[PDB]
Amino acid sequence: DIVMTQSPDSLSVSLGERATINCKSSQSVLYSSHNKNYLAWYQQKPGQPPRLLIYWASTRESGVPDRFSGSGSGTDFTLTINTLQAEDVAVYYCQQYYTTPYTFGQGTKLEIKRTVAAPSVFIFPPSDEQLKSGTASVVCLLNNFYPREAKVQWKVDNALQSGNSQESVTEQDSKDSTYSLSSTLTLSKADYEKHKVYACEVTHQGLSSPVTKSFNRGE
Amino acid sequence: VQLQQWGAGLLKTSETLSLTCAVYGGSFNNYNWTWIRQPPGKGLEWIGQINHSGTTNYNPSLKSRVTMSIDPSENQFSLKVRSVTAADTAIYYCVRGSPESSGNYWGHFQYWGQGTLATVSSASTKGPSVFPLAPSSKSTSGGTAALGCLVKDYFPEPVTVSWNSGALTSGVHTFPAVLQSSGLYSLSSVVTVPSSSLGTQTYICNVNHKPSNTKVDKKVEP
Ligand SMILES: *[C@@H]1O[C@H](CO)[C@@H](O[C@@H]2O[C@H](CO)[C@@H](O)[C@H](O)[C@H]2NC(C)=O)[C@H](O)[C@H]1NC(C)=O
Ligand SMILES: [Mg+2]
Ligand SMILES: [Mg+2]
């Protein structure tokens, strides 16, 4: 098979700057007869199929602005994205259509670097409905922050929690280049009703000091 | 050109995956109709192609386990993958491949279906429990409130969440599901809204888990 290798695996590029993604094929995909490289580039956003950007190594597909530039020949190809926009956050793939089986690069994840943005922090007690079912989920929301790196610490009556929480982070926002994060503390109803003060403490570069949101059980 | 696809879903080890794609726009007979798949968080694997003459080419990676079929009458084509394992858990895309006129000269994949998830597991289908995340009685210093819905303990993926039947999209974050140790998925969907909207605006999360036929509308109030 023709092996397609991308470099790098991931990169983080400021708004308005240049992203460079390289692609190597293990054999030439230059169809010498036509002097065309049978090489495509795709952009894939979360929950979407890949969007074709470029065919013949350097010809943009319909609807693709000239900020996206394909270059190279034979075995060595480059996707250049100039004047990077928020909506360019995606995984980029190269692909050969020179010979079957058709093969894709492993993908390169492009993150947008933007200014630091502090998260807004919210805490949600468990619903009465859930408590009836014997479990208590306490949710801590960190809304629209940058960069991605954040520390969430759960405290129950001031005791630091370990092993009973799970985090989910959104894909980077295609408009404001931020992340959001949920942390969910899962307790038995019995454990939940044994304690009063539920606190989420967030550490992030955009915060002047760690931010705590808390509630007293049944207030 | 629109590609509508269905099938896949949850199936057990050693069972047969089946997908169908229907093509809208005409010029069905001119193209290699193609399947490509993507394991969750991984890259893309070309499965193979069929044309209206029933001529195939399958990737040797999968070839012994694949059958494609085509119904030009109905502008439809299908995939079967036999003897599935966890390695076959993936998003399967129907794709328009190369035209008869020029083959690989015009071999780029422009047109893709939205994809269908196959999950290979012995686990039961299970619908989610949907619990309100009520806006706090104390909003932010600057007059923003957050509220949401916890969509807990479902299998398999996927679920969809909307707010006010799609009337509310700004400030919505539907989190990627966490696979819990139990093997069940859970997520929250949250939205930030004006504190000043809480008295007069109704907020409803619309949860659909098609795999279990679960459709829940949950009102979220202070
Ligand atoms: C489907 O793909 C095949 C290749 O897998 C295409 O067949 C080629 O067509 C070109 C252009 O006519 C010929 O020069 C090649 O000899 C053919 N190759 C082979 C190996 O058959 C075909 O055109 C594509 N489209 C359809 C609808 O069949
Ligand atoms: Mg079969
Ligand atoms: Mg509604």
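For the record, the sequence lines run as chains L and H.
Going by the entry's author numbering, the letters in the first sequence line up with residues 1 to 30, 30A to 30F, 31 to 213, in that order.
Going by the entry's author numbering, the letters in the second sequence line up with residues 2 to 82, 82A to 82C, 83 to 100, 100A to 100G, 101 to 213, in that order.
All residues carry an ideal CB built from backbone N, CA and C; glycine is no exception.
- [ ] Using beta-carbon positions only, say whether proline 113/L and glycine 200/L come within less than 8 angstroms of one another.
- [x] Walking along the first sequence from the start, residue 113/L turns up at place 119. Walking along the first sequence from the start, residue 200/L turns up at place 206. In this structure, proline 113/L lies near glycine 200/L, with their beta-carbon atoms less than 8 angstroms apart.
- [ ] Run the CB neighbour count on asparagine 31/L, radius 10 Å, all protein chains shown included, and call it buried at 16 or more, exposed below.
- [x] Here residue 31/L is taken as the residue at index 37 of the first sequence, counted from 1. Taking all protein chains shown into account, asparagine 31/L has 16 or more neighbouring C-beta atoms within 10 Å of its C-beta and is therefore buried.
TODO: Can you say whether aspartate 122/L is buried or exposed, counting buried as having 16 or more other CB atoms within 10 angstroms of its CB?
DONE: Along the first sequence, read from residue 1 onward, the residue named residue 122/L stands at position 128. Exposed is the call here.
Task: 6 angstroms CB neighbourhood of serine 82B/H in its chain, flanking five on each side removed - done: Indexing the second sequence from 1 puts residue 82B/H at position 83. So the qualifying residues of the chain are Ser15, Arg66.
Task: Straight-line gap, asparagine 204/H to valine 142/H (C-alpha atoms, nearest Å) - done: As a first step, residue 204/H must be located in the second sequence, where it is residue number 213. As a first step, residue 142/H must be located in the second sequence, where it is residue number 151. Rounded to whole angstroms, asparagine 204/H to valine 142/H spans 15 angstroms at the Cα level.
- [ ] Please indicate yes or no: does the CB of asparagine 58/H lie closer than 7 angstroms to some heavy atom of ligand 1?
- [x] One-based indexing of the second sequence puts residue 58/H at position 57. A heavy atom of ligand 1 is found nearer than 7 angstroms to the CB of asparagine 58/H.
TODO: Under 7 angstroms from any heavy atom of ligand 2, by CB: list those residues in chain order, please.
DONE: Listed by position along the chain, the residues with Cβ atoms less than 7 angstroms from a non-hydrogen atom of ligand 2 are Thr17/H, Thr68/H, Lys81/H, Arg82A/H.
Task: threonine 94/L Cβ short of 7 angstroms to ligand 1 heavy atom set - done: Stepping through the first sequence from its first residue, residue 94/L is reached at position 100. Yes, ligand 1 has a heavy atom inside 7 angstroms of this Cβ.
Open item on the list: Would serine 121/L pass as an interface residue toward chain H - the criterion being a Cβ-Cβ separation below 8 angstroms?
Closed with: Here residue 121/L refers to the residue found at position 127 of the first sequence. Yes - at least one Cβ of chain H is within 8 angstroms of the one on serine 121/L.
TODO: Taking only beta-carbon positions, decide if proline 95/L is within less than 8 angstroms of chain H.
DONE: On the first sequence, position 101 is the one that residue 95/L refers to. Yes - at least one Cβ of chain H is within 8 angstroms of the one on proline 95/L.
Task: Residues surrounding ligand 3 [beta-carbon distance to nearest heavy atom under 7 angstroms] - done: Those residues are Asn155/H, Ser156/H, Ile195/H, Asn197/H, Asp208/H, given in chain order.
- [ ] Taking the CB atoms as reference points, tell me whether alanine 34/L and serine 171/L lie closer together than 8 angstroms.
- [x] Here residue 34/L refers to the residue found at position 40 when the first sequence is read from its first residue. Here residue 171/L refers to the residue found at position 177 when the first sequence is read from its first residue. Cβ distance not < 8 angstroms, so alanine 34/L and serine 171/L don't count as in contact.
TODO: Identify the continuous alpha helix (DSSP H) that holds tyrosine 186/L and give its terminal residues.
DONE: Reading the first sequence from its first residue, position 192 is the one you call residue 186/L. Element bounds for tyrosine 186/L: 183-186.
Task: Between the CA atoms of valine 205/L and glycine 190/H - distance to the nearest angstrom - done: In the second sequence, the residue the question calls residue 190/H occupies position 199. In the first sequence, the residue the question calls residue 205/L occupies position 211. Cα-Cα distance, rounded: 28 angstroms.
- [ ] Return the CA-CA distance between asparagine 210/L and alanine 125/H, expressed in angstroms with no decimal places.
- [x] Residue numbering aside, residue 210/L sits at position 216 when the first sequence is read from its first letter. Residue numbering aside, residue 125/H sits at position 134 when the second sequence is read from its first letter. The straight-line gap separating the alpha-carbon atoms of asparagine 210/L and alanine 125/H is approximately 15 angstroms.
- [ ] With a threshold of 7 angstroms, establish whether the CB of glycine 27/H neighbours any heavy atom of ligand 1.
- [x] Here the question's residue 27/H lines up with position 26 in the second sequence. No, since every heavy atom of ligand 1 falls outside the 7 angstroms radius drawn around the Cβ of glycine 27/H.
Task: Within chain L, the residues that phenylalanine 166/H reaches when beta carbons sit closer than 7 angstroms - done: One-based indexing of the second sequence puts residue 166/H at position 175. Residues of chain L whose Cβ lies closer than 7 angstroms to the Cβ of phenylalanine 166/H are, in chain order, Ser162, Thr164, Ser176.
Open item on the list: So, for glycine 26/H: in the same chain, excluding its five sequence neighbours on each side, which residues have a beta-carbon less than 6 angstroms away from its beta-carbon?
Closed with: Indexing the second sequence from 1 puts residue 26/H at position 25. Closer than 6 angstroms at Cβ, skipping near neighbours: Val2.
Task: 8 angstroms Cβ cutoff, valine 133/L in contact with chain H - done: Stepping through the first sequence from its first residue, residue 133/L is reached at position 139. Taking 8 angstroms as the CB threshold, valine 133/L lines the interface with chain H.
Open item on the list: For a test of the three-state rule: what should DSSP assign to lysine 24/L, helix, strand or coil?
Closed with: Mapped onto the first sequence, residue 24/L falls at position 24. Of the three classes helix, strand and coil, the one that applies to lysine 24/L here is strand, per DSSP.
Task: Simplified DSSP state of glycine 157/H, which is helix, strand or coil - done: Residue numbering aside, residue 157/H sits at position 166 when the second sequence is read from its first letter. Correct three-state label for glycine 157/H: helix.
Task: Where the alpha helix (DSSP H) containing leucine 125/L begins and where it ends - done: For the purposes of this step, residue 125/L is taken as the residue at position 131 of the first sequence. Element bounds for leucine 125/L: 122-126.
TODO: Report yes if the C-beta of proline 97/H is less than 7 angstroms from at least one heavy atom of ligand 1; otherwise report no.
DONE: Mapped onto the second sequence, residue 97/H falls at position 99. Relative to ligand 1, the nearest heavy atom lies less than 7 angstroms away from the CB of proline 97/H.
- [ ] Could you confirm whether any beta carbon from chain H is found closer than 8 angstroms to the beta carbon of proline 43/L?
- [x] For this step, residue 43/L is matched to residue 49 along the first sequence. Output row for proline 43/L: interface = yes.
- [ ] Can you give me the Cβ contacts of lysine 149/L inside the same chain, cut-off strictly under 6 angstroms, excluding the 5 residues immediately before and after it?
- [x] In the first sequence, counting from the first residue as 1, residue 149/L sits at position 155. Cβ contact annotation for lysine 149/L (same chain, cutoff 6 angstroms, sequence separation greater than five): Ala193, in chain order.
TODO: Can you tell me which of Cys140/H, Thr83/H, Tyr91/H, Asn100B/H puts its alpha carbon nearest to the alpha carbon of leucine 80/H?
DONE: Here residue 80/H corresponds to residue number 79 of the second sequence, with the count starting at 1. Taking only the C-alpha atoms, the option nearest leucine 80/H is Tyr91/H.
Task: 8 angstroms Cβ cutoff, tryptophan 154/H in contact with chain L - done: As a first step, residue 154/H is located in the second sequence; it is residue number 163 there, counting from the start. Residue-level contact check: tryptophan 154/H does not touch chain L, since none of the beta carbons of chain L fall below 8 angstroms from its beta carbon.
TODO: Take the Cβ of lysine 64/H as the centre, count every other Cβ of all protein chains shown within 10 Å, and call the residue buried at 16 or more, exposed below.
DONE: Here residue 64/H refers to the residue found at position 63 of the second sequence. By the Cβ neighbour-count rule, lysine 64/H is exposed, with fewer than 16 other Cβ atoms within 10 Å of its own.
Open item on the list: Between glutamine 124/L and chain H, is the shortest Cβ-Cβ distance under 8 angstroms, so that the two count as touching?
Closed with: Against the first sequence, residue 124/L aligns to sequence position 130. Answer yes: the Cβ-Cβ gap between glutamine 124/L and chain H drops below 8 angstroms somewhere.
- [ ] Say whether chain L places a C-beta atom closer than 8 angstroms to the C-beta of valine 169/H.
- [x] For the purposes of this step, residue 169/H is taken as the residue at position 178 of the second sequence. For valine 169/H, a Cβ of chain L is located within less than 8 angstroms of the residue's own Cβ.
Open item on the list: My output table needs one value for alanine 9/H: the three-state DSSP class, helix, strand or coil.
Closed with: Here residue 9/H is taken as the residue at index 8 of the second sequence, counted from 1. Residue state, collapsed to three classes: coil.
Open item on the list: Cutting at 6 angstroms between CB atoms, please list the residues of its own chain near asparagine 33/H, excluding the five before and the five after it.
Closed with: Here the question's residue 33/H lines up with position 32 in the second sequence. Within the same chain, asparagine 33/H has close Cβ partners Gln50, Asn52, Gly95, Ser96.
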